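In the block that follows, a single chain appears as structure tokens, in the form deposited in one PDB entry.
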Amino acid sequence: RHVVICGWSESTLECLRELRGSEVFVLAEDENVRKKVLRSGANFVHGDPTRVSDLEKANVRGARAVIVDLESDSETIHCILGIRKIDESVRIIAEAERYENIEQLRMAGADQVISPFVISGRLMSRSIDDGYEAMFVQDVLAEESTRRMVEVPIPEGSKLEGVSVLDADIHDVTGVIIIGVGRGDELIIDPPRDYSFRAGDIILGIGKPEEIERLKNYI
């Protein structure tokens, strides 16, 4: 299991640091950033993220995921197309710079487009009186936070398979606040007391390391 990162930016460096313990390959055109990348844990391949052969060297084939963040949206698209020539199944997460380009990146085969300025402009509009929402968002997204957001899979044969929210009583049982459940394409926020859990559902919750290790055991 391993992750490939295409491009080196403030976003990808923060990504790399949030992926401590994990084996990672960074592919980028600028040799300058080797020790930055090495010292930062991961492995470095010097090359062009838009060149199939350079993606192959970076071990795109068979990767857990590929994260793409090139200098411009047009470059990002070219790299995606490149990864798709190599591996039709590997998960691609691409960063979009401009709103008009999001669908272009998914069209090229990105499974997910993260738009930092969308998120940021939305937080700006929410911070006109106080910083509580941004505070929330920034914090639950950090693995090093005390209370953080986590995804927990309901495996096949869990005590919760076919069990409603009300009965699982997860918050009281575990302390983890359930914010959502991911099931195939969709996210159900605020699962109603009615909701029946299924194997393969992803439980999105917020809790201390303590409450999380607990939920896993309940689960």
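Rigid core: the largest C-alpha set superposing within 1.5 Å between the two forms. Start at 1 and count along the sequence shown; that's the residue number.
J.: Per the record, averaged over C-alpha atoms, which has the higher B-factor: 199-207 or 5-13?
T.: According to the PDB entry, the answer is 199-207.
J.: On mean C-alpha B-factor from the PDB entry, just flag whether 46-54 or 185-193 is the higher one.
T.: According to the PDB entry, the answer is 185-193.
J.: Determine which member of 168, 63, 70, 178 has the highest CA B-factor, using the values in the deposited entry.
T.: By C-alpha B-factor in the record, 168 ranks first.
J.: Grab the CA temperature factor for residue 115 from the record and place it in the lowest, middle or highest third of its chain.
T.: Its C-alpha B-factor belongs to the lowest third of this chain's values.
J.: Using the B-factors in the PDB entry, rank residue 146's C-alpha atom against the chain and give the third, lowest, middle or highest.
T.: Its C-alpha B-factor, which the entry lists for residue 146, ranks in the highest third among residues of this chain.
Same protein, other form: the form deposited in another entry, not shown, and the subject of what follows.
J.: Just one of 90, 86, 114, 149 has a CA that shifts 2 Å or more between this form and the one not shown on a core fit; which is it?
T.: Meeting the 2 Å or more criterion is only 149.
J.: Once everything's superposed on the core, is residue 178 shifted 2 Å or more at the Cα between this form and the one not shown?
T.: Result for residue 178: yes, a 2 Å-plus shift.
J.: Taking the rigid core as the reference frame, is the Cα of residue 30 displaced by 2 Å or more between this form and the one not shown?
T.: Residue 30: C-alpha displaced by less than 2 Å between this form and the one not shown.
J.: Align both forms on the core first, then report whether residue 65 has a C-alpha shift of 2 Å or more between this form and the one not shown.
T.: Residue 65 C-alpha, core-superposed: shift of less than 2 Å.
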